Amino acid sequence: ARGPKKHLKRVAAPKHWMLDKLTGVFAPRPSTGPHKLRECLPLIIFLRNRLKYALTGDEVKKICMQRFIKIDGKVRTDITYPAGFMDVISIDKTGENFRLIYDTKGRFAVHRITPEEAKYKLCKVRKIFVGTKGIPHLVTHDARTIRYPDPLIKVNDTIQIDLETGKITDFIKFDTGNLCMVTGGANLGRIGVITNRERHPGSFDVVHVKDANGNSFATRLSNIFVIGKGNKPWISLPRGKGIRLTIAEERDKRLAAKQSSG
Amino acid sequence: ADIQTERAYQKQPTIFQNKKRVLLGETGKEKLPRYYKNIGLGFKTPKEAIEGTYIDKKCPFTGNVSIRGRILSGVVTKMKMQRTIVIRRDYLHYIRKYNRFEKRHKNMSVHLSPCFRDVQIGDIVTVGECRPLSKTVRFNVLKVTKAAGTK
Amino acid sequence: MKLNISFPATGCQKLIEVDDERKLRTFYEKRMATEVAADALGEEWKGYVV
Amino acid sequence: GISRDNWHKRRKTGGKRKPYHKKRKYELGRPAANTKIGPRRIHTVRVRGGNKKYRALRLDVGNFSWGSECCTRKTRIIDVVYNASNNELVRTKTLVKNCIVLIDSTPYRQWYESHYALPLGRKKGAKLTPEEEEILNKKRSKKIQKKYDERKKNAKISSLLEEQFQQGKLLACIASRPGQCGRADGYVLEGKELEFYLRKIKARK
RNA sequence: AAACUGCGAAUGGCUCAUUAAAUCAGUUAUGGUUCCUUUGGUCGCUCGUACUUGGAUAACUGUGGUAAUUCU
RNA sequence: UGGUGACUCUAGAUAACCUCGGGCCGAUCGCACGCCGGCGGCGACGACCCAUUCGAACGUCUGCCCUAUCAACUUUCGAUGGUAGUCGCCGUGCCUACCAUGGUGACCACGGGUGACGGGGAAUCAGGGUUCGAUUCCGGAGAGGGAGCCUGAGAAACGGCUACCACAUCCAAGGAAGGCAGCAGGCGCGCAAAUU
RNA sequence: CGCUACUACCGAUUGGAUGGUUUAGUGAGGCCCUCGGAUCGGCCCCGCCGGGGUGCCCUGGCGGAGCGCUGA
C-alpha cells in the first residue's frame with residue numbers, strides 16, 4: 001500500500017472493543033493520538049456502545065460537537081479520539097466522570113469516579129532525557145512531555161499528573177511491594193503487588209506479580225503499570241479489584257447471583 | 001606491522017593522533033591512545049583489542065558496530081576472506097508426519113576482527129547480530145572457544 | 001487573417017477582417033511583442049503603433 | 001530510474017533472482033554531484049520526507065580546521081592532489097569526501113602570527129613588507145608581552161607544516177560530503193597522516 | 001454562485017498475471033532511516049512602513065481562434 | 001548532567017562555517033469586550049525542532065510444492081570479501097576505483113516445471129494422514145505490456161502525466177482523445193457465474 | 001502373411017502459428033549536468049506644475065522616446 005491506511009475493518013478491530021460481526025463492515029479507525037490503535041478506546045465506542053448515550057455514530061457526532069465531552073480536562077470533538085489507560089472522561093452536562101481502567105477480562109470498564117478524583121491521573125514514565133541547555137524532560141504513556149521532573153523519577157515509575165496544570169504532584173517508584181496493574185498480555189487487567197523482577201539484558205525483563213488472593217503471574221516489564229505505593233492504590237479500582245477468577249468461581253458467583261435475584 | 005596497507009590513511013576516527021607536541025609534550029615517547037569499548041551482554045574485550053594497533057571499523061570492540069539482536073553460535077569452516085569467515089550452524093528439523101528429525105545446516109559469513117588471532121577450522125565462535133556489514137554479513141564474532149584438542 | 005485589436009487606455013477592442021495581404025506584409029516574419037507601425041492598415045491608422 | 005535495490009543482484013549462492021515488482025520510488029538513485037572546483041554553484045534537491053539535500057556542483061571555499069592549533073578558518077580551495085578511491089578524480093579535479101586538496105594557508109598564517117613568538121618562518125625569512133610589524137612587534141605592555149612570551153615557549157610547528165606554510169598552500173582532507181551537504185569542509189593534514197599522504201602523492205609521480 | 005487558496009484524491013474497491021528463500025508466517029532489530037496528521041513540550045532564550053511592506057493573477061467585463069476536448 | 005547490556009547516546013565547552021535553488025525565530029483570522037489612547041480574555045490557522053501516534057522501509061532466526069531424462073553453479077559486464085568514496089531517507093557490491101580469490105552445493109546448490117500469490121483457514125479423517133486455500137481477514141503484487149517521471153509527508157499512482165509496443169475512438173485529414181483485474185452492463189470465451 | 005480402426009514414435013521435406021532468448025547497429029521519452037536567453041522586470045539616466053531641493057519648483061506610481069549594470 002502507498003501511504004497510510006485510513007480504514008479499520010470490523011473484524012480486524014481490537015477484540016476488547018466488543019463489537020459485533022453484523023453491524024457493518026467497518027469499525028471506527030481511531031485517530032492518531034496519545035494512545036496506540038490497539039490499546040485505546042475511541043470516543044464513539046465509549047459514547048455509543050458502552051454508555052448507550054447514542055444509538056448511531058451521528059448521535060455521537062452531535063454529542064461531541066456540542067462540546068460536552070472532556071478528555072483529561074480538555075474538550076475533544078473528535079469522535080474517533082483514542083482514549084486509553086488512566087484517562088479521564090468528564091461529562092459535565094450529566095455531571096459524571098469516568099476513568100479508563102481495564103477489567104480482569106482485559107476490557108476497558110465503565111468505571112465512574114468522583115469529581116474530585118477526576119482532577120488527576122497516573123502516568124507511567126516511558127523515558128527521561130536531558131535536552132537543550134540541560135533541561136530534563138520526561139515522556140509518559142500519554143505521549144505528554146513534562147519539563148523539569150523530579151531527579152528521582154526514572155523510567156517505569158508512575159507520576160500523578162494534575163490535569164488542570166499538567167504538572168507532576170507525586171510519584172511512585174518501580175520497586176517490589178508496590179501495587180501494579182497489568183496493561184497488556186494474557187494477564188491484562190490484573191492488579192497485584194510486585195514480588196520480583198528478572199533482568200534480561202538485551203531482551204525483555206520479566207516482572208512477577210502476586211495477587212491480593214495469593215495468585216501469582218508474570219508479565220513483561222512494559223506491561224506493568226505501578227498503580228499505588230505499597231498495597232494501597234492511588235486510584236479507585238473497578239468492581240473486581242484486579243482478581244481474575246477462574247471460570248469455575250465465576251460460574252459459582254453467577255449461580256449465587258441467580259439464586260439471590262431469580 | 002604496518003597498518004597502512006591501503007590507498008587511504010587508516011585510523012580510529014574518534015582518536016586525535018596529532019595533538020601538538022613540544023619539549024614538555026614529548027619526553028621519549030609519542031603515545032597513541034587506543035579507542036575501545038565494552039560491548040554488552042557480559043562479553044569481555046580481548047586483550048589484543050585493547051593493546052593492538054589494527055584498524056577495523058567493523059570490529060565490535062574498536063570499530064563502529066553495535067551488537068544488538070540475536071547472539072548465535074557456530075563452527076568455523078572456512079577462513080579465506082579478509083576479516084571474514086564462514087561458520088556452519090548445524091541443527092535438526094522436525095518432520096511431524098514421521099515424528100522424526102533431519103540434519104540441516106546453514107552457512108553464515110561473519111566478520112572476524114584482527115583481535116582474534118589463532119582461530120582455526122573447527123573452532124566454535126559466538127557471534128552477535130549487528131547491522132548489515134556487506135552483502136551477506138550481518139553477524140560479528142564476539143567470542144572464540146577452541147575445539148576440543150588444545151594441548 | 002483577422003486582427004483582434006485592443007486599445008488598453010479605454011479598454012476597448014474590435015475584430016477587423018483584413019483580407020488584403022498588401023495590408024499584412026508589415027507583421028510577417030516578426031516575432032511576438034515586437035512594436036510595429038500600423039500605418040499599413042489604412043489612412044486612419046496613420047501614426048498608430050501596435 | 002537509477003536503482004539501489006538488491007533484487008537485481010545475484011543471490012549469494014550464485015542464483016539469479018527474478019523481479020517480482022517494478023522499481024519503487026524510494027529505491028531511486030540520482031546522478032553524482034561531480035563537485036568541481038570553481039565559483040560557488042549549489043543545487044537544492046528535494047529528498048524523501050520533503051527535506052533538502054544541497055547538491056554542490058562547484059565550490060572554491062571551505063571551512064577547514066587546523067587541528068593541533070584548534071584554528072578553523074574559511075579558506076579557498078586551490079587544487080585536489082590525491083584521491084584514494086580513483087585516480088581519475090584527481091585528473092578531473094572532483095571534490096569528494098576524503099580527497100586530498102591544496103588549500104590557501106593565509107588565514108592560518110594570520111592567526112599563527114597573531115599568536116606570536118614562534119620560530120621564524122616566512123615572517124622575516126621570505127617577506128619583509130611593512131603594515132604587518134604593528135601586529136608582530138607593536139608596542140606592548142608588561143602583561144601583554146609576558147602573555148605572548150608565555151605563548152612563545154609552547155609554540156612550534158612540524159617542519160612539514162613549516163614548508164607548507166612557506167609554499168603558501170596547505171595539504172587538507174575533505175571531511176564532509178560536498179555532494180550531499182553542499183560544503184567542502186575538512187581538516188589540515190598533520191602528523192603521520194600528512195607524511196602518509198605526502199608519500200602517496202610522491203609515489204604517483 | 002464563481003474563482004484563487006488549503007486539504008484529500010497514496011484510503012477504499014477489484015483481481016491473482018507475475019512471484020519458489022521471492023512473497024508470506026512466527027520471532028527479533030533499527031544503537032542503520034523517514035514519517036502528513038493527532039497529542040504533549042518548545043515557539044521575547046538571537047545584542048544586530050512595524051497603528052502592517054511589494055508586485056501580480058483568477059473570478060468578473062470585453063474581443064476572439066479551432067470541425068473537434070474539462071483546448072484556450 | 002542524565003541514560004543503555006552496549007554509543008562515536010544525551011547534555012556541556014571551544015574554533016569557525018551556515019547553501020542565489022538562502023532555516024526557524026507569526027506583517028494571518030473570528031467572538032466577547034471598557035478610561036487620559038494602555039492593558040487583556042477564549043479561540044481559529046500557520047511554522048522550524050523534540051517526543052516511534054499511524055505507519056512505511058530495510059535487516060535477524062526458522063519454516064514452502066514437483067523434478068537428477070537438471071551435478072556442479074557464480075566469478076567477462078559484482079560473483080564472495082576488504083579499503084576509500086558516490087548515490088540513497090538510511091545499513092549494504094547499492095553503484096564506482098583499487099585490492100584479495102573468494103562465495104554455494106548430494107544436508108540437493110544451479111537449472112526446469114507449477115492448471116503456484118503466501119498465511120489465517122477448508123473438505124475429509126479412529127489414532128496417523130490426504131487433498132485444497134482465485135475468493136470478503138492480514139500481508140504482497142498489478143491496473144493492456146514495458147519503461148520514465150511530476151506533485152506530494154506518502155506514488156515509480158495509472159478513475160495522474162510522458163513515450164514506445166498492441167489495440168482502438170472522433171476528424172472538415174490539419175488534428176484531438178484512450179485504458180471497467182471499480183459498480184452495473186455488453187461482446188468474446190467457454191461445462192461454468194446475477195440488475196445498465 | 002492378408003482385411004479394419006485408433007494412438008504413438010522416427011518424422012520424407014520443414015509451407016505452419018499468440019512464440020521466447022540473444023551478438024551487433026539504432027534508439028523515443030523523462031531525469032541530471034553544461035550551455036542558451038524569446039521575453040519580462042528593478043536600479044543610475046534626457047523627462048512631464050498629479051515632485052523633500054520651501055522667495056512653491058522637482059521622494060515615491062507613472063506621463064520619464066538609452067542596454068550600461070542587475071534579477072527572474
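Just so you know, these numbers use all the heavy atoms, side chains as well, and skip hydrogens, waters and symmetry mates. In what follows, every chain begins at residue 1, and chains take the letters A, B, ... in the order their sequences are listed.
OP1 or OP2 of F:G103 has at least one side-chain nitrogen or oxygen of B:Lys80 nearer than 4.0 Å. Neither OP1 nor OP2 of E:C24 sits under 4.0 Å from any side-chain N or O of D:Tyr20. OP1 or OP2 of F:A56 has not a single side-chain nitrogen or oxygen of A:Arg2 nearer than 4.0 Å. Of the side-chain N and O atoms in B:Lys135, one or more sit less than 4.0 angstrom from OP1 or OP2 of F:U80.
Counting only heavy atoms from C-beta outward, the side chains of B:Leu142 and B:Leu41 never approach each other to under 4.5 Å. Residues A:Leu221 and A:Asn156 form a side-chain contact, since some pair of their non-hydrogen atoms from C-beta on lies under 4.5 Å apart.
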Exercise. Reading nucleotides 84-90 of chain F from the 5' end, what letters show protein touch, with B for base, S for backbone sugar-phosphate only, - for no heavy atom under 4.0 Å?
Worked result: BSSBBBB
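The aromatic rings of D:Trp66 and D:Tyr112 sit perpendicular, their planes meeting at an angle over 60°, well past the 30° parallel limit.
At a cut-off of 3.5 angstrom, the base of F:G152 holds at least one donor-acceptor pair with the side chain of D:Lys25. Residue D:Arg183 places a side-chain atom within donor-acceptor reach of the base of F:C17, judged by atom type and a 3.5 Å distance cut-off alone.
Using the rule of two distances under 3.5 Å, E:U28 and F:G59 count as a Watson-Crick or G-U wobble pair. Judged by the 3.5 Å cutoff on both pairing distances, F:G23 and F:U130 do not qualify as a Watson-Crick or G-U wobble pair.
For F:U136 and F:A122, the P atoms lie 14 Å apart once the distance is rounded to whole Å. With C1' as the reference atom, F:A27 and E:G64 are 42 Å apart, rounded to whole Å.
Of the listed nucleotides (E:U11, F:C7, F:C137), F:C137 has the atom at the smallest distance from the side chain of A:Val11.
B:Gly63 comes within 4.0 angstrom of a base, heavy atoms only.
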